[PDB]
Structure formats: structure tokens, C-alpha cells
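Numbers here are sequence positions counted from 1. Atoms within a ligand are numbered from 1 in the order they appear, just like the ligands themselves. Every heavy atom of this structure was used, including side-chain atoms; hydrogens, water molecules and symmetry mates were not.
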Amino acid sequence: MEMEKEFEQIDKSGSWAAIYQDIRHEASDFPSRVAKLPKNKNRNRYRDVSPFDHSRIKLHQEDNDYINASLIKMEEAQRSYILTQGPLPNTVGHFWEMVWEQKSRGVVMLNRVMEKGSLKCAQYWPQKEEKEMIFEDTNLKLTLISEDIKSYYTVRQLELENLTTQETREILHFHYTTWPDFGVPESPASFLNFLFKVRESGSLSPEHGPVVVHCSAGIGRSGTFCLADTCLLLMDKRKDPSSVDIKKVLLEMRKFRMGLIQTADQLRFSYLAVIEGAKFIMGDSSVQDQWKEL
Ligand SMILES: O=C(O)c1cccc(NC(=O)c2ccno2)c1
Ligand SMILES: O=C(O)c1cccc(NC(=O)c2ccno2)c1
């Protein structure tokens, strides 16, 4: 079926939970043996969220190459993403090592450091220009260059230096700061405006390594971001946009990391975002200026 009318049919029939459970039943199951080794217990935030062995990012290090991160490679859309957990106190150095080694330009953060009164990830970037960060275990230095705080998100420019070679690179940090503690946003307008800002920066383009995207576990909000991006790209590429099947794209992405889209509400929100975004793309360029007002 098409998307917008499949949508109204699930709303009127109140069957989002049944649709979402079907996806869970059909999703791939692949081994994650490296994640479960005892030496990696303090490298995982959640015991039930692990990268598959076949798609995990390897650190370039002979002692322990493990990080809880997965490469999602979308063949038809020609987009790749790295989805990862929020860094832990003992993995912030690994996190920036991965950014360096994979040649990423951008980092997409969809959570706050504290939510629901608990810590959801480490404070892994510097908050003041004059107070840079040194990661001694991986030999990297990180400096805040500038910061632009808007109503729904903040963009930061960061300098990452490999202290071994004295090479430096500019990393863009895109921080969506207004996802509610419970549930999903009532309108997708600010999330889509945020997605378009990431796109406009070059961070999703083939001349760079894959964007690094995270929330707390790296499967829920993070899955919503890459699912919406990929579906909209396919609608622009194909002769028949109504042939894009959001459930099939989600199952394809779940071949690469478990658990993407954590609730039936996140699934419905993903539909809403793709539907509204397809109107602004066209050919409705004026659509854009509208997301930024509402
Ligand atoms: O669906 C699953 O099998 C599954 C299994 C284990 C853990 C979770 N997710 C979480 O605990 C979470 C994600 C974001 N914040 O917490 C899901
Ligand atoms: O050799 C290349 O084509 C190549 C490949 C990956 C990454 C980069 N560099 C950057 O993304 C960058 C911009 C600012 N700091 O790092 C260059």
C-alpha cells in the first residue's frame, strides 16, 4: 500500500502495536559473540543491546578492538551510517578513535546527557573553548571551536587532533536537544528541520566517512533518524515514489543492528516524518521555510 493512506488505515483501526510486533517477529537474528565476551562487559551500556559480529565497527588496535557500534550500509540509497550507544566514562577515548579511523565528518546526538533524572551518556566533548580534552588511552585531543545554540538544537564545531601524527580535522556536532523525556514529538517539523541541517553540512555525503549517530542505546531515536533519511532519499531517486515501503526499509536496516525503532509510537512517528517530509521536498521547496517557522 501507499504510505499516507496505510497510515490513516492503521490509525482508524488502532493496530500500531500489531504492526510493530510483526516487524519484531520478522527481524534478523545474527550472532553478537564479541560483544558478550567477559572482557567487554564495561564497554556495553545495556546487556540486551549489542552489535552483530558481521557489521560491528572494529577499532584499529591489537589489544581490544571492540566498541558497541554498527555499520548500517544502505545499497540502493547509497548511504551509510554508524549507529552507536552513548559513550561511557570508560569508552570516550574509543568513541573519538572510531570517529578518526572511520573518517567521519559529523556526529549526530539525539539525547541529553541527563534525562529522567539519570545519566544517559558521558560528557564526551568540551563545553568551553579554553578547556580542551585529552584522551590519553587513544592519544587524541579535542577542542571546542564554536557553538551555535538554537531553539530545538545546537551545532558545534570541534577540532580533533591525532597527537601521534599532529594531523587535525574539523568535526561537526549536531545536537538535537528537545526530544521529550517520555514519548515522541507531537509534530515532526523540528526533527525534519534538524535532519535537513545535517544534510546541508556535507556530513551525510559520500566524500566523507559515515556519519556517527547516537542516543542512549543507539537503536530508538537513532533508528528514527536514519530510517527517515533513507526513505526520503529513495523517494527522490525512484521513478515511482509511492513504491517506497517503510516497513521493508526498516527490516533491511535491522539486518545490520538489532532493535531499531523501540516502540510502536516511534514507528508511527517515523511514518509521520516521512509523509510530511515528502511534501516539503517538492517539489515543494517552500515546505522547508515552513518547518523552520513551526
Ligand atoms: O528490543 C529489545 O530486544 C531490547 C533488548 C534489550 C534492551 C532494549 N532497549 C533498552 O533498554 C533502551 C534503548 C534505549 N534506551 O533503553 C531492547
Ligand atoms: O581523502 C579523502 O577524501 C578524505 C576521506 C575522509 C575524510 C576526509 N577529511 C574530512 O572529512 C575532514 C574535513 C575536516 N576535517 O576532516 C578526507
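- Nearest to atom 5 (C) of ligand 2 by heavy-atom distance, out of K103, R105, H208, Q102, is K103.
- Counting heavy atoms from C-beta on, the side chains of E170 and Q157 come closer than 4.5 Å.
- Note that atom 15 (N) of ligand 2 has protein non-hydrogen atoms nearby, at separations under 4.0 angstrom.
- Atom CD of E136 has 12 or fewer heavy atoms from other residues, nucleotides or ligands within 6.0 Å.
- In this structure, of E159, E167, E207, the residue bringing a heavy atom nearest to atom 3 (O) of ligand 2 is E207.
- Remark: the backbone N or O of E129 is not paired with any side-chain donor or acceptor of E132 at under 3.5 angstrom.
- Every heavy atom of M258 sits 4.0 Å or more from the atoms of ligand 1.
- Interatomic distance, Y20 OH to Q266 CD, rounded to the nearest 0.5 Å: 7.0 Å.
- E26 has no carboxylate O lying under 4.0 Å from a charged side-chain N of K247, or vice versa, which leaves the two without a salt bridge.
- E76 and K237 are not joined by a salt bridge, as no carboxylate oxygen comes within less than 4.0 angstrom of a charged side-chain nitrogen.
- For atom 8 (C) of ligand 2, the nearest protein heavy atom lies 4.0 Å away or farther.
- Heavy atoms of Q262 found under 4.0 angstrom from ligand 1 belong exclusively to the side chain.
- By the 4.5 Å heavy-atom criterion applied to side chains, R105 and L172 are counted as neighbours.
- Atom 17 (C) of ligand 1 has its closest protein heavy atom at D48 OD2, 3.3 Å.
- Not a single protein heavy atom sits closer than 4.0 Å to atom 1 (O) of ligand 2.
- Atoms of ligand 1 found under 4.0 Å from any heavy atom of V49, numbered from 1 in the order shown, are 7 (C), 8 (C), 9 (N).
- Of all the atoms in ligand 2, the ones that sit under 4.0 Å from a non-hydrogen atom of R169 are 15 (N), 16 (O).
- Electrostatic pairing of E252 and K255 counts as a salt bridge here, judged by a charged N lying under 4.0 Å from a carboxylate O.
- The N/O atoms of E170, backbone and side chain alike, include one that comes under 3.5 Å of an N/O atom in ligand 2.
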